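Here is the file my_file-v4.pdb (PDB, C-alpha atoms).
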```
MODEL        1
ATOM      1  CA  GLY A 403      20.298 -24.555 -22.261  1.00  0.00           C
ATOM      2  CA  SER A 404      22.995 -22.023 -22.919  1.00  0.00           C
ATOM      3  CA  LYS A 405      21.538 -20.838 -26.225  1.00  0.00           C
ATOM      4  CA  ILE A 406      18.877 -18.660 -24.574  1.00  0.00           C
ATOM      5  CA  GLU A 407      21.381 -17.153 -22.110  1.00  0.00           C
ATOM      6  CA  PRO A 408      22.640 -14.314 -24.417  1.00  0.00           C
ATOM      7  CA  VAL A 409      19.049 -13.972 -25.699  1.00  0.00           C
ATOM      8  CA  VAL A 410      17.534 -12.851 -22.409  1.00  0.00           C
ATOM      9  CA  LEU A 411      20.181 -10.131 -22.183  1.00  0.00           C
ATOM     10  CA  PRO A 412      18.758  -7.741 -24.848  1.00  0.00           C
ATOM     11  CA  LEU A 413      15.261  -8.743 -23.698  1.00  0.00           C
ATOM     12  CA  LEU A 414      15.984  -7.458 -20.200  1.00  0.00           C
ATOM     13  CA  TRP A 415      17.749  -4.521 -21.787  1.00  0.00           C
ATOM     14  CA  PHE A 416      14.437  -3.581 -23.456  1.00  0.00           C
ATOM     15  CA  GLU A 417      12.704  -3.729 -20.088  1.00  0.00           C
ATOM     16  CA  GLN A 418      15.258  -1.201 -18.966  1.00  0.00           C
ATOM     17  CA  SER A 419      13.816   1.147 -21.567  1.00  0.00           C
ATOM     18  CA  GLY A 420      10.354   0.367 -20.334  1.00  0.00           C
ATOM     19  CA  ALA A 421       9.591  -1.034 -23.755  1.00  0.00           C
ATOM     20  CA  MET A 422       7.111  -3.486 -22.220  1.00  0.00           C
ATOM     21  CA  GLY A 423       5.424  -0.567 -20.509  1.00  0.00           C
ATOM     22  CA  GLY A 424       6.100  -2.100 -17.154  1.00  0.00           C
ATOM     23  CA  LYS A 425       8.703  -3.498 -14.796  1.00  0.00           C
ATOM     24  CA  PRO A 426       8.550  -5.661 -11.583  1.00  0.00           C
ATOM     25  CA  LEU A 427       6.741  -3.992  -8.664  1.00  0.00           C
ATOM     26  CA  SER A 428       9.858  -4.015  -6.465  1.00  0.00           C
ATOM     27  CA  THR A 429      11.402  -1.319  -8.613  1.00  0.00           C
ATOM     28  CA  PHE A 430       8.418   1.022  -8.330  1.00  0.00           C
ATOM     29  CA  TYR A 431       8.307   1.285  -4.502  1.00  0.00           C
ATOM     30  CA  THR A 432      11.495   3.348  -4.438  1.00  0.00           C
ATOM     31  CA  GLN A 433      10.101   5.746  -7.121  1.00  0.00           C
ATOM     32  CA  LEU A 434       6.707   5.997  -5.350  1.00  0.00           C
ATOM     33  CA  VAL A 435       8.168   7.437  -2.166  1.00  0.00           C
ATOM     34  CA  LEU A 436       9.271  10.567  -4.050  1.00  0.00           C
ATOM     35  CA  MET A 437       7.034  10.770  -7.097  1.00  0.00           C
ATOM     36  CA  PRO A 438       3.423  12.260  -7.315  1.00  0.00           C
ATOM     37  CA  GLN A 439       2.182   8.783  -8.427  1.00  0.00           C
ATOM     38  CA  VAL A 440       2.244   7.898  -4.706  1.00  0.00           C
ATOM     39  CA  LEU A 441      -0.879  10.094  -4.239  1.00  0.00           C
ATOM     40  CA  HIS A 442      -2.923   7.510  -6.127  1.00  0.00           C
ATOM     41  CA  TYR A 443      -1.725   4.899  -3.633  1.00  0.00           C
ATOM     42  CA  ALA A 444      -2.294   7.404  -0.838  1.00  0.00           C
ATOM     43  CA  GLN A 445      -5.963   7.121  -1.784  1.00  0.00           C
ATOM     44  CA  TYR A 446      -5.693   3.383  -1.130  1.00  0.00           C
ATOM     45  CA  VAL A 447      -3.935   4.152   2.153  1.00  0.00           C
ATOM     46  CA  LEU A 448      -6.755   6.533   3.036  1.00  0.00           C
ATOM     47  CA  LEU A 449      -9.327   3.888   2.273  1.00  0.00           C
ATOM     48  CA  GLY A 450      -7.542   1.361   4.460  1.00  0.00           C
ATOM     49  CA  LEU A 451      -6.959   3.856   7.228  1.00  0.00           C
ATOM     50  CA  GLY A 452     -10.531   5.058   6.923  1.00  0.00           C
ATOM     51  CA  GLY A 453     -11.945   1.576   7.219  1.00  0.00           C
ATOM     52  CA  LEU A 454      -9.674   0.909  10.174  1.00  0.00           C
ATOM     53  CA  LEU A 455     -10.599   4.300  11.635  1.00  0.00           C
ATOM     54  CA  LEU A 456     -14.202   3.055  11.834  1.00  0.00           C
ATOM     55  CA  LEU A 457     -13.156   0.753  14.686  1.00  0.00           C
ATOM     56  CA  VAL A 458     -12.023   3.723  16.795  1.00  0.00           C
ATOM     57  CA  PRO A 459     -15.514   5.356  17.483  1.00  0.00           C
ATOM     58  CA  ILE A 460     -16.973   1.869  17.816  1.00  0.00           C
ATOM     59  CA  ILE A 461     -14.587   1.184  20.728  1.00  0.00           C
ATOM     60  CA  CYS A 462     -16.122   4.170  22.507  1.00  0.00           C
ATOM     61  CA  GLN A 463     -19.584   2.866  21.617  1.00  0.00           C
ATOM     62  CA  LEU A 464     -18.610  -0.324  23.406  1.00  0.00           C
ATOM     63  CA  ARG A 465     -17.286   1.673  26.386  1.00  0.00           C
ATOM     64  CA  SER A 466     -20.766   3.100  26.575  1.00  0.00           C
ATOM     65  CA  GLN A 467     -22.313  -0.397  26.237  1.00  0.00           C
ATOM     66  CA  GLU A 468     -20.216  -1.421  29.207  1.00  0.00           C
ATOM     67  CA  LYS A 469     -22.243   1.001  31.359  1.00  0.00           C
ATOM     68  CA  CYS A 470     -20.369   2.128  34.370  1.00  0.00           C
ATOM     69  CA  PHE A 471     -21.120   4.827  36.884  1.00  0.00           C
ATOM     70  CA  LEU A 472     -18.898   4.175  39.914  1.00  0.00           C
ATOM     71  CA  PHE A 473     -15.669   4.278  37.870  1.00  0.00           C
ATOM     72  CA  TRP A 474     -17.254   6.617  35.371  1.00  0.00           C
ATOM     73  CA  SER A 475     -15.644   9.982  35.425  1.00  0.00           C
TER
ENDMDL
END
```
Before anything else, please render the file you have as structure tokens.
Amino acid sequence: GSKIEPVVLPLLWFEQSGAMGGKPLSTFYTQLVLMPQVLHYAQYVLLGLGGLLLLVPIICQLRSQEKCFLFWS
């Protein structure tokens, strides 16, 4: 109905103060790029990159499991 329309206004306005101690995630991404808080996420990035990095040496392990000599230089 229309009765709750002016009611959500101050409610959002409190979110703008951070009165709920949180806002939608979309808003944070733009702060993260500049603010030290990104380092905590950088840890997560490092974990992901690290786990993905594991594939890299393994590829070479496979190149060694291929066993070649003629084209092996």
- Item | Two-atom distance - CA of residue 422 (chain A), CA of residue 409 (chain A) (Å) |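 If I compute the distance from CA of residue 422 (chain A) to CA of residue 409 (chain A), I get 16.3 Å.
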- Item | Coordinates-based distance that separates CA of residue 471 (chain A) from CA of residue 458 (chain A) (Å, one decimal) |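 Computing it gives 22.1 Å between the two atoms.
Coordinates place CA of residue 438 (chain A) at a distance of 19.4 Å from CA of residue 450 (chain A).
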